[PDB]
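Take a look at this single chain, the form deposited in one PDB entry, given in structure tokens.
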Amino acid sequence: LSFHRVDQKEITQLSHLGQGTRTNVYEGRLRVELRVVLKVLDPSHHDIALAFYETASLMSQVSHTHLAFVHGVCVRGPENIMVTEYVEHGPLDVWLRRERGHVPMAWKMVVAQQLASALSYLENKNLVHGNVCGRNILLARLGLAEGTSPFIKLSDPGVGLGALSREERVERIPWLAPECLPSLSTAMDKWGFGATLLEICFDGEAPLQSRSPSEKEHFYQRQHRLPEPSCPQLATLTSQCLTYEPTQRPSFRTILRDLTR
């Protein structure tokens, strides 16, 4: 396990941004003053803290234009804090819901290509993200003004999927791949991408949102098909990604090629 150790003296904790899986998220400063995000892990069992370090270790060996940077881990008393990139306009799901009306199809396709390019890179390195969702897509540039285009960053997955409870995996439906509800393959990120595409198509509203945890579980148990976008070309892709059999999902090379044409 390889990650930088950040001394508590080098960080300043600012305002609460919200909550992640077993975390409290804050804006912060990192003395080098760099604007950062601090993911403070709740007091937890060693297994959860080990899964949290494993994410920081995974994020430290990769580099990509559309992957949010991890500066390291800070231990402040009994708290584990991952120090991460501050991305200006924040999570995409929140932005899309707040942003009046819908964004253009062309804007949505750029975000989709950028995310597919990041996942293509992890696929080639044989590395699992395991938490692909609108909440984990961060908006660096709005790209709404003439001549401009959006710029996203896929954030770290947080506490690894292997350490979470069945309740947390259920809360993760429909982003969570169905084989993960009861192995850790890159196939799971093709499902997460497919569910993120729908979530973006539906302006930050994810399918099965209003449903209860037993309804979500039953939906995957009865292997019901997720909704499709109106565009037949996009419909083919999202249904191909959102295939229950993981070996039938397309590679990110194919997904990226399909998205560009």
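Only residues modelled in both forms are compared. Just so we're on the same page, rigid core means the largest C-alpha set that superposes within 1.5 Å between forms. Note that residue numbering follows the sequence shown and begins at 1.
Just so it is clear, the following notes concern the form deposited in another entry, a form of the same protein that is not shown.
- Looking at CA displacements between the shown form and the other one with the core superposed, a shift of 2 Å or more is confined, among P227, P213, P43, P232, to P232.
- Relative to the superposed core, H102 undergoes a Cα shift of 2 Å or more between the shown form and the other one.
- Regions where at least three consecutive shared residues each shift by 2 Å or more at the C-alpha between the shown form and the other one, after core superposition, span 75 to 77, 100 to 102, 230 to 233.
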